[PDB]
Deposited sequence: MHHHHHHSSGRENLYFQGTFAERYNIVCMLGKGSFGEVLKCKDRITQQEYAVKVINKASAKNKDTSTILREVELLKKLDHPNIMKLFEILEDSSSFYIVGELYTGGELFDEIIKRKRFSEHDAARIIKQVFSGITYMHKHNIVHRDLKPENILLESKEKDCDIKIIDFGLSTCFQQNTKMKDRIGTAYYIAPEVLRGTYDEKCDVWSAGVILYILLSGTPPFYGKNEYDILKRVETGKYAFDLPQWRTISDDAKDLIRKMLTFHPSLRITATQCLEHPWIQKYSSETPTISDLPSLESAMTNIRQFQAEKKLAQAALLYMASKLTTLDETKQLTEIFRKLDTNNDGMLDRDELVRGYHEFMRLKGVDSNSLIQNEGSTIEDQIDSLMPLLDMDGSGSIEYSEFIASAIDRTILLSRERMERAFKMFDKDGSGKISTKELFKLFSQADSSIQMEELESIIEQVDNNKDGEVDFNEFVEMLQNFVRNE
């Protein structure tokens, strides 16, 4: 083990992606799976503001954020000079560029975008994380596909790490209380309100040639819907923006109230159709298999689906997820699954009335699906249960899972090493240990008899 690094053994750096406030962002590649990732490299000695143990606990909470509109982080690794924070790679660029290209969005297009910002921010705030610098440059498009999900990036590190030490246009998005040294949940709502005002109008609500004049406007909180293009935008969109850019933060609406505003609901009516039946049929086949398997099987599968799947693999399940997610909060609750299953039947021409109802089924399934006990089925739990087991069983994926657990790098998993993954066994050669070939059988057996 002496000549193996944690980061360098698993990943090869491909090139630089960019550099913002904390550390620096590169593209890296898993040396076994060949899957590509975004890694933020932070220099320990320059940048650390807390002991390592503090930092690992805070970053661990960031890895646990599982929401379709929040950047996905897979791990934090270290060497003697750096922390490496490895995340999912997004290729669609900043929402900012999409503003430049489009200039302005219709009410429908703006609602579909801002609703995801609301969703992601609601979830952050429920997990007691404030963004602090929400703006279009810190939201990425998952890909170049049309209507792909947005991803909120660049948050969560400001107490663990010191900044690098001339961002242009950042003054547009600041709430007035930020000028008084305050950052809190309500500052994110204000920033989201400035984003919306720009999506609808093409123009900042507190505007000016340079940072001085802009900051002057922000500070009074004075803005208008005076630009000609506003005459044609609905009162409902204006009502929402007014609630978000309310001067006094205690009067300003919460992110959940943003998510639930009637203007959002008016443009988020996405719902399963006939064209989704193939996706829905497949998802359901696989979810029954999952319910059937040992808690141990279910456990290993969640781990593998959440660490090793890719965007391309999950995009159709992503779409089904989104259509079942009725209230747009980025997770599936019990009623949503019951309605979803009733809607699947209706679409298929099958009468729900036909030994065990839809509601009993869902009720017995929630505890198995909701593996962290959250009260909801988050993104990754749905993917684990709804994806083709097959897909996860590629040889390279098993090898990477095997290496995640072989802590000592002996070539064989011990009992203690193995619990990690799930947190009796069958050994063919009976050394009391699992070399890879047995581990493949073990995982392959989970899907099988």
Missing CA stretches, deposited numbering from 1, N-terminus first: 1-13, 179-181, 371-375, 445-459, 486
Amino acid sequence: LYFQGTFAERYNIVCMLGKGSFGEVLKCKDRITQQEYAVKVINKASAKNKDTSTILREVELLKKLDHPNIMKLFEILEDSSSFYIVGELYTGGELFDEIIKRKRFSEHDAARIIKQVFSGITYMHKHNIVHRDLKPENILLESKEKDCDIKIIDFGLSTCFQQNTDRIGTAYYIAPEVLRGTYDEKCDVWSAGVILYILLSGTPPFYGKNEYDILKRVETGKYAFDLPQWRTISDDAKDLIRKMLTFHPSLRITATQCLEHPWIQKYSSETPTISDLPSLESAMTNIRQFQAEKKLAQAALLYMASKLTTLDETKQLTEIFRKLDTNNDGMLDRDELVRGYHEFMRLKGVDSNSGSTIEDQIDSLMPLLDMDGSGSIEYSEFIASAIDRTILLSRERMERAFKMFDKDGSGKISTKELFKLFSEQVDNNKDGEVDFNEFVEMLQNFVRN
From here on, numbers count along this sequence of modelled residues.
One third of the other compared structures is the cut-off here: is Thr159 left unmodelled in that many or more? no
Can you check if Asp435 is missing its coordinates in at least one third of the other PDB entries compared, counting only those that model the residues either side of it? no
Is the mean CA B factor in the deposited entry higher across 269-277 or across 115-123? 269-277
Average Cα temperature factor in the PDB entry - higher stretch of 320-328, 289-297: 289-297
Out of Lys44, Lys64, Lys420, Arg397, which shows the largest CA B-factor listed in the entry? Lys420
When the CA B-factors of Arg389, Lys48, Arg31, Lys40 are compared as recorded in the entry, which is the largest? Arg389
For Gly208, the third of its chain by CA B-factor is the highest
Once the chain's modelled residues are ordered by C-alpha B factor and cut into thirds, is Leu17 in the lowest, middle or highest one? lowest
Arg57's Cα B-factor: lowest, middle or highest third of the chain? middle
When the deposited Cα B-factors of this chain's modelled residues are ordered and cut into thirds, is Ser414 in the lowest, the middle or the highest one? highest
Quick check on the deposited entry: does the C-alpha B-factor of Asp133 sit in the lowest, middle or highest third of its chain? lowest
